[PDB]
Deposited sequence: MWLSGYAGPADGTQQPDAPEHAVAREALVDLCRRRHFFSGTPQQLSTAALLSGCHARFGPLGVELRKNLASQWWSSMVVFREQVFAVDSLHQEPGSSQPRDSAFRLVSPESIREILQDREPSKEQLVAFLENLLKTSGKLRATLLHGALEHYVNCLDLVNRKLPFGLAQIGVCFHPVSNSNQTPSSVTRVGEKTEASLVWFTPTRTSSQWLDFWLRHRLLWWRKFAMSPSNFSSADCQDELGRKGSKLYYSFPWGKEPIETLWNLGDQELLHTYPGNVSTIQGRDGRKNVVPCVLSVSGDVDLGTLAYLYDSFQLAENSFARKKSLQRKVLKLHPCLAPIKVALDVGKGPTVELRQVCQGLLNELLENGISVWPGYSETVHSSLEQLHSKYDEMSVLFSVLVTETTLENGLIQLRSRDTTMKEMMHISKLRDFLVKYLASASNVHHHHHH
């Protein structure tokens, strides 16, 4: 079975089969990510945000509107007023977050960064939207090449960190219209390599057409590196990479998997076991471990199908609370990677999960 069929069945992907085409996926004109896909994309954005603004000094946060003031960008025309006046004063949707970052330039050291995650609109004319995570890194002119090289390898290491096969995340070199230098990350999708992330060593030009007035506002007038990764395309890259391209399992990184614990109840008595499982679920959630309540599911299925379903959904750990749990506290914990069943005591379960999820992230 192809990956996209799996990610559509297990709600990583949403949309009609006419929207599951490669061009439709890579264009962004339809809501492609199902619930689990949105949760995985949120995990990816969280990893990006922590590793780039929290674990990283001199990088900050930026808020930008979905409308650039005053190109192929779509225009916002008020139907109350409804051609010459529609292209001079009408607002325009943003195509990249770079111009939003340059608006928050100071609002006084160097180097620094202005990282942001948001939605950008792409002509496809239809309208396509992609979630872009942009780091706009300012450097003195001399160090720009060195900082570009450092950002290229750091971003490549970050993208390969969660990757089962780090070799697929390739890199290259490119030049833009004005001859500026820049690199371009890739992922070797089965059809071909796509630029999940690009870096452009934008010169002094960018601060000129966003601050065309006094130059004291923009003491070296810094360049711009414009690191911009596509987290929708990145999420699809990690959905293709986790699949082996046996047992169908999305070997997603424990820091990216949407569902980490999958509780369940063995047999009768139903009321006591379900009360215990609810208490355990409340215990897990307080620390911050994302659980999938499988005990409340009225659709009953064999253990094999349940385990296969949890494998496909990239569930790290599967917990079973049987009637014997009421006596001593032994719950038959199972792990996705090995598929081997433990008999861990209740008091150790939460601590073991926290320790595992702290070792995986470090």
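Residues 1 to 25, 96 to 100, 113 to 129, 155 to 160, 178 to 187, 282 to 288, 316 to 326, 444 to 450 of the deposited sequence have no C-alpha coordinates in the model.
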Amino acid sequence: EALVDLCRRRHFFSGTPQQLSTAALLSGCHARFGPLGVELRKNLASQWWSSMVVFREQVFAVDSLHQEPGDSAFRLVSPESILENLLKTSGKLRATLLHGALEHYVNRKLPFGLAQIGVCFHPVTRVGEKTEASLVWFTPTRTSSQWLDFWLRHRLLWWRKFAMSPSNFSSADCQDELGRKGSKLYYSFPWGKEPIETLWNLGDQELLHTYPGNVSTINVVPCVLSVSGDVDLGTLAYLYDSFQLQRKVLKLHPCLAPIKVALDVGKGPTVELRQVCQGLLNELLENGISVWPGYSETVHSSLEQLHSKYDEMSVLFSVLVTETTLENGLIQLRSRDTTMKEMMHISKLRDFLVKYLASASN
From here on, numbers count along this sequence of modelled residues.
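Note that the rigid core is defined as the largest set of C-alphas that superpose within 1.5 Å between two forms.
Larger root-mean-square CA separation from the shown form, computed after a rigid core fit of the structures in 4 other deposited structures of this protein, is seen for 201 to 209 when 201 to 209 is set against 277 to 285. Here the rigid core sets the fit, and in 4 other deposited structures of this protein the C-alphas of 135 to 143 stray farther than those of the other stretch, out of 186 to 194 and 135 to 143.
In the comparison with other entries of the same protein, residue 178 is given coordinates in all of those covering both sides of it, so it never reaches the one-third threshold. Notably, residue 78 is never a gap: all other compared entries of this protein, restricted to those modelling both its neighbours, have coordinates for it, so the one-third criterion is not met.
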